[PDB]
Amino acid sequence: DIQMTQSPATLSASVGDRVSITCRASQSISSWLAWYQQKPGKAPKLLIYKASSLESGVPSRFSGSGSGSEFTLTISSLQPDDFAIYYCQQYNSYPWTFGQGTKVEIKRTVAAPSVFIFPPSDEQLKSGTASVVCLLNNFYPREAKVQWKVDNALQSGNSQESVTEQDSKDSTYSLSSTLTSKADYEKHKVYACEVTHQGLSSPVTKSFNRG
Amino acid sequence: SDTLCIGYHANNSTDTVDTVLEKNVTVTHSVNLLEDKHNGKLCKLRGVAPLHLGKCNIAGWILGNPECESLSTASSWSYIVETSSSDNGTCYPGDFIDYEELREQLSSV
Amino acid sequence: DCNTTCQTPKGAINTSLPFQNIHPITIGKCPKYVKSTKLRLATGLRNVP
Amino acid sequence: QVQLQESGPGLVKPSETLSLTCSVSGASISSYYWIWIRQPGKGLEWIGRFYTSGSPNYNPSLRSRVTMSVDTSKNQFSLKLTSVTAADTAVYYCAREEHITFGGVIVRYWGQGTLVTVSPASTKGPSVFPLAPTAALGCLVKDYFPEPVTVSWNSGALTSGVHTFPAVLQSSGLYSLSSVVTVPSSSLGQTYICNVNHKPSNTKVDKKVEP
Amino acid sequence: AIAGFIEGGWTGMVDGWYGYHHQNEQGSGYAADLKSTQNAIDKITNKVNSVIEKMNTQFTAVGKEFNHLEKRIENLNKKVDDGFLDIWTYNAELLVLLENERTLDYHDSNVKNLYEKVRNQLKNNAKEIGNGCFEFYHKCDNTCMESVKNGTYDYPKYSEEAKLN
Amino acid sequence: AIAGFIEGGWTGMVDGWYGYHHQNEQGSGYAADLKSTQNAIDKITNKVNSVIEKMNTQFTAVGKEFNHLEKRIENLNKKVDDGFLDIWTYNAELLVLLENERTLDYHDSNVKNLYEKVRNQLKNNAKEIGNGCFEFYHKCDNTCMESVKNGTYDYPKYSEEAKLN
Amino acid sequence: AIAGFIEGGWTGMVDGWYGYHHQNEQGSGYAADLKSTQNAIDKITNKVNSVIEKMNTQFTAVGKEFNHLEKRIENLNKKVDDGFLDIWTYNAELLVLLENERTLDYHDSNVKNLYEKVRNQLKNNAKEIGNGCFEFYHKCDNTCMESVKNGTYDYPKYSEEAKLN
Ligand SMILES: *[C@@H]1O[C@H](CO)[C@@H](O[C@@H]2O[C@H](CO)[C@@H](O)[C@H](O)[C@H]2NC(C)=O)[C@H](O)[C@H]1NC(C)=O
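Residue numbers (the numbering used here), protein chains in the order written: chain R, 1 to 211; chain C, 1001 to 1109; chain S, 2001 to 2049; chain D, 3001 to 3211; chain L, 4001 to 4165; chain U, 5001 to 5165; chain X, 6001 to 6165.
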C-alpha cells in the first residue's frame, strides 16, 4: 500500500533536549497520520492522531506537525520516562501501514557498575551442569566488556550476556553474564569476572574460591 | 430482493448546537470555540515570574515601609500582584503625587 | 511555578480558542472576552437514530 | 476505558493453523470494528479488521491465510492464520477500532499482547536455581521452551530493585533467564522467595533463596 | 437528504459519516464511504481552523487605574471595554449560528450527491423505494455492489434481467 | 425555482407562502401547503429572533464632558464613538445583505423541493409542461389530487390509462 | 458541477464564463453563453461593490500625543487602536473566506442549472455520457444546436430517429 519511511532509526538525547522524529509517506495521506509510543514488553500507546491532535492525558511536550507526505513528532523537553520505540501510522487507506520505528534512549551522566558474582548452587551441580553468573548493576552507558577467567586463563565462546531495558526513573542499565561444566567446573578453583566500563579507572574483578 | 441503501452516521451523542434557523440541534460531533476553564493559579507570564507584594501595595514596597521589609524584588517581572490585604502603603499620612502613573510605569520592568 | 501566555485575576488560561468568558481584565496575548455561556460549533451531522 | 485480553497456544507447529482469541470486557463485541496487529525483530504489521455487520478487510499480503470471527455469547474476537511458517513468529495484539469522530477512526484501546512461536521443537519446563548472596540475590530460570516466563518475588510483594532479564537462546535451542533483586544486607536475618510461572509446560515453582 | 427523504441515521454504521447498507445472497452490512467522509472532515477542519487561527491578538493589559478625581476617563475606559464586549459577544454568537447552518447544509449536500451518484449509475435496474434505498430487479453480487460504490458500474448487462422483473 | 422555471407567483393563493393550483371535473382553485409554510415561518422567525436577541447591550452613558485644556482625550472619546459607529454600520449592513440572500435562497429551496416531491411521485402519469405544472394523462379526482398533496399517491393504477394517452 | 461531474474547464472557450462545445457535420467549436455569464458578472459586481461601498468611514486622526506623566491614557489609546485592529483583521479575513465559498458555490449552481436545462429539454434524444456531454442519437444541425442554446428545442421530431439508434 503506502510505505511509511521513518527517520532516525536510533536516537540518544539528554533530559531537557528537543527530539524530532520524521515520518514520510510514499503518497499524499492528507492528515491521516498517527504517532504511537511503545514501552518495553507493552502495547503501543496513542500519542497523536490526525497528524497534530494530542491524545487526552498525554503530556503537552509531545507534539505533531505535517500534511501530505512529511510528518514530524516533537518532544520539546525530553524526560527519563520517554525511553521507548516511537511509531508513525497512516490511516488514509487500507492496509494501514506503520513506520519501521525510532528507538529513543535517554542520555545521562556516567555511572559505574556494581559488580556481583554468583557461584552455581549445589542443587544445579547435582545434574551435571554448572552456571557461574556475573551481575553488573545500575550503570550508564549500556556498553561494557565482561571477560571470564578460571585462573589467569581468558575464556572464549562459552558465555552469554543479557541487558535490561533502560530504567524509566534514573536511566540506568543492568547486565547479566552467564558462564556455563560439570567435569570442567570441578577441575578448576578460582572464578573471576573482569568488568571494563568507561566509568571505572581500571577493570574490576569479582572472584570466588570453589567451596 | 437484493438491496442497496444510502445513509449517514448516528451515535448516542447528546451534544446540541444552535443554528440561525433552528435551536437545540443534536449533533454527532462538535467543537467548543469558547474557553470556560482556568487553572486557578497566578502563573509566569512570557516565562517571567510576577512581582507579588502580599500585605503591601506598590506605595509600601517602593518607599520601603517597615512592614514590607521581608520582601525581595527580582531583576525582572512580567506583572505586579497585590492582594485584598495589600493595605501597607504610606504609614505616615500624606499624598503620593502621580501614584497611579508610577504604578503603570513599574508594572513591568 | 506554572507558565502562561494569558493571565487572569482568578487564574491563568491556556488556549488555542479565540474566545473566553473567565474574566474581562486580562494580561498578555489573550482570547477576546465574551458574555456567552457556550459557543459550540457543529462538525458532525444531525444525530437521528 | 475497556479491557481486551489475548489468549492462544503460544507454540504452534509449521504448516498448522494458529487460533487466537480476544476476550473483551467493558464494551459489546457487536458494536465495534476489531483489529489484529502483529510485530515479529521487525516493526508493526496490520493483519486486518472485522465487524459483526459487516464486510471484513484483511491485508493483501495475508488475505489467503487469515480469517476473523466474533462470538457474541462469550463476547470474544478470533483470528485464524492458516499454513504458518517461521515468519509468523510474532507478538499478536487485539485492538478496538473507535467509532468515527473528527479524528476519526483510530486504535486507542489495545490488549497486552500474546507471544506466538512457530517451531517443531517440544515444550520444556524450566529448572529454577537460587543465586545465593547492600546485598544481591537472585534466581536462574534455566533450560525452557518456549517464551515467555513470568518471575515475581515474595508472591508479588517485592517490587523494589527487581531486575528480570530478557531470555537468551542457548546452543541447545532452549531459553535461559536470570532474575535478581538488591536488598539491604542488614535485612537477611526475612524470607526471599522467587515465584516462577512457565505457562506452556504448566510449570509453577517457588524457590527460597538463602545465603 | 438528512431527515429529508432518508428518514434516519445508522448507529450500525460505525466507521464513517456517510456510507452504504447492502443486502444480497453473500450477506449484508454497513460500509462507510471513506473518501467522502475524509473530504468532509478535511473541509470542516479547515472551517474550524479558519475561525480559530484568524484571531491574532495583540499583547494587551486590559486593567487600568484611576483615582477619585479621574472618574470621567475611568468611565471612558469602561465604555471601551463594554464596547468590545458587545461587539465580540454578538459577532462570535452569530458566526456560530451561521456556520452551524452551513455545516449541516454541507452534510445534506454530501448525502444527496451520494444518492444522486448511485441513482445516476443504476436507472432502470433498481426501483427507488424512497428512504435512500434501491431494490434491485436482478442479482447484484458483492462485486456488483462494490462496482456501484467506487463508481465503475456496468448498466446494460442487467437491464434485460431487470425488464422481465 | 422562484422566477427560475416557475415564471411568477399567485395573488390568488391567499392563505400560504407555497402551495398548489389544481384543475379537474369537480372544479379548480388554489390551495396553500400549510405544513411547509408553517416550517418556513418557524425557521425565519428563529433567524429574525437570533439577529435581535443575541444583542445584549451593557448599561452605558455615551456622553462625556471635557474642558478647553482636555481636547486630546475629547478626541480620543470621539475616536472610540466613531470607531464603534463604523464597525456597527458596516457589520449590520452586510449582515442584512447576507441574510436576505439566504432567506430568498431558502424560499427557492422550499418551492423546488415541493415540485421535486410531486414529480417524484407521478413520473409517467403526467407530463411536465414546465412552468411548475403537471398535465395529467388520466382522470385525477379531488381524492387523487389530495393524495399527491399529503404524499400518499398510488402510481401503478393510472399508468395504463396514461400509456394510451 | 465544477470539478464535480464536469471534469475540467476549457481554455478554448475564450469569450465567457459558462458555455457549450458542440460537434456535428457542419463543424465544431466553443460558444459562450453570454446571458448567464452577464448575469454572473452583474451579481458578483454587486457583491464586490457591497463589501466596498458599505464602508463609510469618519474623518479621524488616529495619532495622539501624551507626556511622560500620561502613560495610563497613552496605553488606553493603544488599547483602542489594538482593539479596532483585532476586530477589523478578524472580520475582514473571515468575510473574504465566507464570500469566496459563496462565489465558487454560485458558479457551481450556474454550471449545474445550465446542464439541467439541456438535459431537461432533450430526455431520450441524447445519452448522458457524463462529463457534461450529450451524445445525440440523431442528426443535430447548427439550427438544432442553437435551438437547445436559446431554450426553444422541439423534442418529438427526433425521438423516432433516436429510438432506432
Ligand atoms: C500595615 O499593616 C496593617 C494594615 O493591614 C496596619 O495594621 C492596622 O492598621 C490600622 C490602621 O489603618 C489599624 O486601625 C489597625 O488597628 C491595625 N491592625 C490591624 C487592622 O491588623 C499597620 O498599622 C500598618 N503598618 C505600617 C507600618 O504601615
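Backbone N, C-alpha and C define an ideal beta-carbon position, used for all residues, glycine too.
Distances from the alpha-carbon of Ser-4028 of chain L to those of C:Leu-1004, C:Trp-1077, C:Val-1020, C:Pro-1050 put C:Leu-1004 closest. Annotated three-state conformation of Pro-4156 of chain L is helix, per DSSP. Closer than 7 Å to the CB of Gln-124 of chain R there is at least one CB belonging to chain D. A contact is defined here as three or more CB-CB pairs under 8 Å, and the segment 5083-5090 of chain U meets this definition with respect to the segment 6044-6059 of chain X. A distance below 8 Å between beta-carbons, with the five flanking residues on each side excluded, links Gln-4026 of chain L to the following residues of its chain, in chain order: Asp-4141, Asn-4142. The C-beta of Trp-6010 of chain X has fewer than 16 other C-beta atoms within 10 Å across all chains shown, which makes the residue exposed. Interface residue (Cβ-Cβ distance to chain S less than 7 Å): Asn-1065 of chain C is not classified as such.
For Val-4014 of chain L, the nearest beta carbon of chain D is closer than 7 Å to its own beta carbon. In the three-state DSSP reduction, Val-104 of chain R falls in the strand class (E or B). The beta carbon of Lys-4054 of chain L sits closer than 7 Å to some beta carbon of chain X. The Cβ atoms of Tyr-3092 of chain D and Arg-3049 of chain D lie no closer than 7 Å to each other. In the DSSP assignment, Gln-160 of chain R forms a beta bridge with R:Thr-178. When the beta-carbon positions are compared, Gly-64 of chain R and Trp-96 of chain R stay at least 7 Å from each other. Per DSSP, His-6021 of chain X lies in no alpha helix (DSSP H) segment; the continuous beta strand (DSSP E) that holds it begins and ends at 6019-6023. The three-state secondary structure of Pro-80 of chain R, taken from DSSP, is helix.
Nearest CB-CB separation between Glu-4025 of chain L and chain U: not below the 7 Å threshold.
Here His-1029 of chain C is buried. Its C-beta has 16 or more other C-beta atoms within 10 Å. Secondary structure in the segment 5028-5074 of chain U: the alpha helix (DSSP H) runs of 4 residues or longer, each lying completely within the stretch, are 5034-5053 in chain order.
By the Cβ-count criterion, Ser-3122 of chain D is exposed, with fewer than 16 other Cβ atoms from all chains shown falling within 10 Å of its own Cβ. Residue pairing by DSSP places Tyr-3058 of chain D opposite D:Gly-3048 in a beta bridge.
Checking the 6 Å criterion, the Cβ of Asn-1088 of chain C is within range of a heavy atom belonging to ligand 1. Around the beta carbon of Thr-10 of chain R, fewer than 16 other beta carbons sit within 10 angstroms, so the residue counts as exposed.
Taking 7 Å as the Cβ-Cβ cut-off, the segment 6060-6074 of chain X approaches chain C at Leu-6069, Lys-6071, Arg-6072, given in chain order. With a cut-off of 6 Å, the C-beta of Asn-1057 of chain C is classified as distant from ligand 1, since no heavy atom of the ligand falls inside that distance. Exposed is the label assigned to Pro-5156 of chain U, since fewer than 16 other Cβ atoms lie within 10 Å of its Cβ. The beta-bridge partner set that DSSP reports for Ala-34 of chain R consists of R:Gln-89. A buried status is given to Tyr-1079 of chain C, since no fewer than 16 other beta-carbon atoms sit within 10 Å of its beta-carbon. Within the segment 3147-3187 of chain D, complete beta strand (DSSP E) segments of at least 3 residues are found at 3150-3153, 3162-3164, 3175-3183, given in chain order. Taking a Cβ-Cβ cut-off of 7 Å, the neighbours of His-1029 of chain C in chain D comprise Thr-3101, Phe-3102, given in sequence order. Here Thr-3021 of chain D carries a strand assignment [DSSP, helix/strand/coil]. For the set X:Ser-6050, X:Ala-6032, X:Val-6051, the Cα lying nearest the Cα of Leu-6114 of chain X is the one of X:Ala-6032. Rounded to the nearest whole angstrom, the C-alpha separation of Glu-6099 of chain X and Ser-4036 of chain L is 24 Å. Excluding five sequence positions before and after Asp-17 of chain R, the CB atoms of its chain that fall closer than 6 Å to its own CB belong to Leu-78, given in chain order. Residues of the segment 1008-1020 of chain C whose Cβ lies closer than 9 Å to any Cβ of chain L, in chain order: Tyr-1008, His-1009, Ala-1010, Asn-1011, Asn-1012, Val-1017, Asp-1018, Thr-1019, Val-1020.
In the three-state reduction of the DSSP assignment, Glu-4135 of chain L falls in the strand class. The segment 31-50 of chain R makes contact with the segment 80-90 of chain R; the number of CB pairs closer than 8 Å reaches 3 or more.
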